[PDB]
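Here is what each chain is made of, one letter per residue.
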Amino acid sequence: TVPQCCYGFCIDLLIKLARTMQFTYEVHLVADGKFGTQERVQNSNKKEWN
Amino acid sequence: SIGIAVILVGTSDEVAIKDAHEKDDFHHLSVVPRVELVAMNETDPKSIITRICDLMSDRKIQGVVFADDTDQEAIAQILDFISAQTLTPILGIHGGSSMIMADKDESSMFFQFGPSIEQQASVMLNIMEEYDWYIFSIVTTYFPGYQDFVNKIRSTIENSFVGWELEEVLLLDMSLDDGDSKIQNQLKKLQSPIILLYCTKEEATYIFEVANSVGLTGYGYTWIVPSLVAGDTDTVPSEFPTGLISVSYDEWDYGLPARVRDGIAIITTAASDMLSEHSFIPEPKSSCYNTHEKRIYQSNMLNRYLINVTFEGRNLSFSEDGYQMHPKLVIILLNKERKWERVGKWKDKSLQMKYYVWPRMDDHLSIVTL
Amino acid sequence: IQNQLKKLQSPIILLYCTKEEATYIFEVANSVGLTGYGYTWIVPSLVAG
Amino acid sequence: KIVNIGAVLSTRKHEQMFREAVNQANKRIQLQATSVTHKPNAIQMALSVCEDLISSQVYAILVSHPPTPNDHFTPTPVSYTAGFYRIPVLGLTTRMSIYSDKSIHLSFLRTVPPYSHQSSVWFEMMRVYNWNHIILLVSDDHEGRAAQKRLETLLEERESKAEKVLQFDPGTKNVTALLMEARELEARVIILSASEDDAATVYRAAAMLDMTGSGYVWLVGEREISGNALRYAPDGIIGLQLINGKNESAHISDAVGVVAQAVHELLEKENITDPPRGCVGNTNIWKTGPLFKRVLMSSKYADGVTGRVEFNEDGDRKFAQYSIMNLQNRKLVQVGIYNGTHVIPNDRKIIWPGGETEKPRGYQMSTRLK
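Conventions we followed
Residues numbered from 1 in each chain as written, not as in the entry; some residues may be left out. Chains lettered and ligands numbered in written order. Part of a larger assembly, values for the part shown. Heavy atoms only, no water. Residues with missing side-chain atoms left out of burial classes, pairs and counts. Helix = DSSP H or I, 4+ residues; strand = E, 2+ residues; numbered from the N terminus. Pairing = 2+ DSSP bridges. Axes fitted to C-alpha atoms, helices over the stretch in contact; angles between N-to-C directions. Left-handed = near helix turned anticlockwise from the far one by under 90°. Contact = heavy atoms within 4.5 Å. Nonpolar A, V, L, I, M, F, W, Y, C, P; charged D, E, K, R; others polar. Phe/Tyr/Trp six-rings, centres within 6.5 Å; stacked < 30°, edge-to-face > 60°.

cryo-EM is the method the PDB entry lists for this structure, together with a resolution of 3.81 Å.

Put into structure tokens, the structure is as follows:
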């Protein structure tokens, strides 16, 4: 993992919410790089989100 | 030169068992285990324990496997207790010792051949999927094993990619006084075409009588029961509905002497492999009285190594709970006359039916298409 | 009669008989159990008297 | 007719006291007294129990705890010996949670509160203290698993999920990983339920990580308070203690009265058969075993010397008394008593962990989010 920069609509809304509610946050991207789906494959007998 | 004993109960072909034991060859393992065929009656469990202690103290006996023609689980429980106390390895070929107990002892060394609670549920689910069934019900008595099996089946069906429809679950208790009216009123709420029952013989008979009194047990009813609901296929209570489907152990095709010889050979091979690898053979004072100080020599290595054995191109590895990994099961069906007929056999999670079209018991028309 | 009465599935049922017959039908319905909440019975003027 | 009773216990002075009590209660159908000592082995104890049952032909056997610290193997032998003939057995000082399932122990009665009630007591204490976030830390064991299941059931009854559950291995030398994983939460109510050996290590690891200061609440049981855990126990810890758990002569009178009531209520039934004296001769199941057990289970006691005596579903003695102790200045003192319905505190003061006189909130507000 390497440090990068982040800005945009979501970052602006996050800053607005942080200034409104006065809390702290640590933004970081997802390693999978995807939204997610329902992994209900019966091969592993387990179901969980990714 | 390990001492292996064999005990029989009731009437049995002792000559065939002796021939099968003598025909065993273990030259590669170099175990050279001796055979000791002893006959015993069904007098009491204390006499059996005394005979087992005498056989163990006779000539460096480190193992014994017995079979009984009865069906009471008390003998199997006493055998498991004796094996846990003496810390000796004991196995059950068939009969009363073949019963699978619910909660086994932690510091015990026992192994039996048979299916588990989850295996029967998996076989039932596979049979239902093969029979194009997509709906079922849950009904069990106040027994803890039935509730555990129902919970396991629910957990297995929850993480299923295919669809499933569960109507409701019934946990009525038949031990209450004058509670038959409430049970009969609650049984009318069932609407699915398939219902699962897991209870004792008397409880199953009472449930069948209640269903017959209700009237929803003739045509649009399908009842599935476990292997413990029937017990004896020769005897029928004449109160169960026709067409009941239940699983059972493969006993008509499996031979008792051949299976006993195979188990003895596998045990001898495992003992030889353990003595060759760990270079430690447990040979303590095989006595009955004053067995508290006999636990100085730990025998956990023999128990840990007995869960991995193979011989004659067969897999006999057990599990952590004391059940076989790949058991032998069969399917039974109810005909017009009171009898049990073999429908299909399952092995290694592979079903094998003897008919492409299931017998339904004018409707059922045949339509041709191109 | 008790077995045939279980085939009823509608929420409303009409009864037209005598007093003793109506009482017997009500007893059979109470024994069956489908007469507490999801049952509606309609009787004529000759059933009460 | 004449019907004798059986028992097996140590401390022959207590045996003579129980014999005198039985002789006094016989004046209230003739009963006799027959008791023996305990052997240093399980097979010898089973043989002695079988000999006593064959000589006396009694229908009930009373078992108590031996002088050993575990006092768990002695109860399994008598139970396994009585299960062969379906003879009921009543326990006096049986507190192990392993002897709870009806599969292992078919006919077994207790006279004290099992470890399953500890979860309900902790839930009641948390509800009285207005708490909603607790952490359940239990070791991998049968009693620990039963307590965790009871706590999960009590939490799901009120529709409240657990904050975080951590399980450890029995006998783990290093437990800092579990403490570090638990210290990364927002809850402050830490519940511990394990053996006295691991309790000292758990308290040491908690004190090393500065997790026993202000704002933390420790809820333990009787097993974590006794033993060598008091040497390294932290101040402000609230534990539990049985009122009449140490005493054994008070419950003996209630057990004898219950046995006499059951024998009086069972002798007035038809098709009654006494226990056969052929312990080594016959191995049949007495038909009067299940009926007598069912009659004794519902035999509610009106009044006794240790409060109301009742029987739960799975053979448990409910309506127990607990003493809420408190470790203040290296001295244990009671502060309240829970009489089943609720716990009424005394006029004494309680000192929470860290020296804070005010009651802690037991919760935190996380300010760093991801």
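J.: Mind showing me how you'd approach the overall build of chain C here?
T.: A count of helical and extended segments in chain C gives three helices and two strands. Ordered by position from the N terminus, the helices and strands of chain C form the series α-β-α-β-α. Its C-alpha atoms put chain C at 30 × 20 × 15 Å along the principal axes.

J.: Looking at this structure, how should I read the sheet that holds strand β10 (residues 245-249) of chain B?
T.: Hydrogen bonds along the backbone pair up the strands of a sheet, which may run parallel or antiparallel. All names here are of chain B. With respect to topology, eight strands assemble into an open sheet ordered β7-β6-β8-β9-β10-β11-β12-β13, the strand pairing being mixed. Unpaired on one side and paired on the other, β7 (165-170) and β13 (350-353) mark the two borders of the sheet. The average undirected angle you get between the axes of adjacent strands in this sheet is 25°. Direction of pairing for strand β6 (residues 135-140) relative to β7: parallel, over a ladder of four bridges. Opposite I135, over in β7, you have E165 as the bridge partner.

J.: Any chance you could explain the packing of helix α4 (residues 116-128) of chain D against helix α5 (residues 142-157) of chain D here in plain terms?
T.: Helix packing for two helices is described by the angle between their axes and how far apart those axes are. Residues and elements named next belong to chain D. At their nearest, the axes of α4 and α5 sit 8 Å apart, and the two run at 40° to each other. Every pair of crossing elements has a handedness; the one defined by α4 and α5 is right-handed. The residues of α5 that touch α4, namely those facing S116, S119 and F123, are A147, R150, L151 and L154. When the residues that make up the contact of α4 with α5 are grouped by side-chain class, the tally is four nonpolar, two polar and one charged.

J.: Is there a simple way to explain the sheet that holds strand β2 (residues 37-40) of chain B in this structure?
T.: Residues and elements named next belong to chain B. Pairing is parallel in the open sheet, where five strands are placed in the order β2-β1-β3-β4-β5. Here the strands that pair on one side only, and so sit at the sheet edges, are β2 and β5 (110-112). Taken pair by pair, the neighbouring strands of this sheet meet at an average axis angle of 20°, ignoring direction. Sheet topology places strand β1 (residues 3-9) next to strand β3 (residues 61-68); six bridges connect them, and they run parallel. In the strand pairing of β3, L8 is matched with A67.

J.: For this particular structure, what's the right way to read unusual backbone geometry?
T.: Trans is the prevailing form of peptide bonds, just as negative phi is the prevailing case for residues other than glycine. Here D132 of chain B, not a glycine, exhibits a phi torsion of approximately 60°, which is positive. As for its position among the elements, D132 of chain B is in the loop between α4 (117-130) and β6. Unlike most non-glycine residues, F319 of chain D shows phi in positive territory, near 55°. Relative to the helices and strands, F319 of chain D resides in the loop between α10 (288-297) and β10 (322-328).

J.: Could you clarify how one ought to interpret the packing of aromatic side chains in this entry?
T.: Aromatic rings in a pair are described by how distant their centres are and how their planes are angled relative to each other. Seen in terms of ring centroids, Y203 of chain D and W218 of chain D are 5.9 Å apart; in terms of plane orientation they differ by 35°. Their pairing is tilted. Taken as a pair, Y203 of chain D in helix α7 (residues 196-208) and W218 of chain D in strand β8 (residues 217-219) lie far apart in primary sequence, 15 residues in all.

J.: Is there a simple way to explain the arrangement of the chains in this structure?
T.: Interchain contacts are distributed over three pairs of chains, and the most extensive set of them lies between chains B and D. For chain C and chain D, which are not in contact, the least C-alpha distance works out to 28 Å.

J.: Teacher, can you tell me more about the interface of chain D and chain B here?
T.: One frequent convention defines the size of an interface as the accessible area lost when the parts assemble. Taken residue by residue, the interface counts 16 residues in chain D and twelve residues in chain B. Among the secondary structure elements, those contributing two or more residues to the side of chain D that touches chain B are α2 (42-56) and α3 (75-82) of chain D. The residue makeup of the side of chain D that touches chain B, split by class, is eight nonpolar, eight polar and no charged.

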